[PDB]
């Protein structure tokens, strides 16, 4: 059963490593700009970097959720594929944000498309599962007669 989900599990792990990467970058910025815990404020370089990490942090469970559902109800390989561009896009997102607020927009857009795609796949997959059983029973009630 490990076989049907190993790609999903592996994209999942690369996502964890990437978030961990983002976290260490934040400690790197905290030192570089004299910003010690708590306090999430400082020079805009630091704020831009804290902010990038946080953003990816809240999108991260959305990503995992849809990746798993799309991967299981639609198609594992395609889901893992979207998985990668998403993650790759979030890597470009973080590095862009770090340099400029504007330079973050292109991979944000890239990352959203990928994430929307996952959602669509999950949506389609769930539809195929539930929709035949339902139309069938809609028809049986009206048969009947």
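Positions refer to the first chain, counted from 1.
When the C-alpha B-factors of 82-90 and 101-109 are averaged, 101-109 comes out higher. In this entry, 133-141 shows the higher mean Cα temperature factor of the pair 7-15 and 133-141. Between the residues 118, 52, 29, 62, it is 29 that shows the highest Cα B-factor in the PDB record. Within the listed group 114, 35, 56, 70, the record reports its top CA B-factor for 35.
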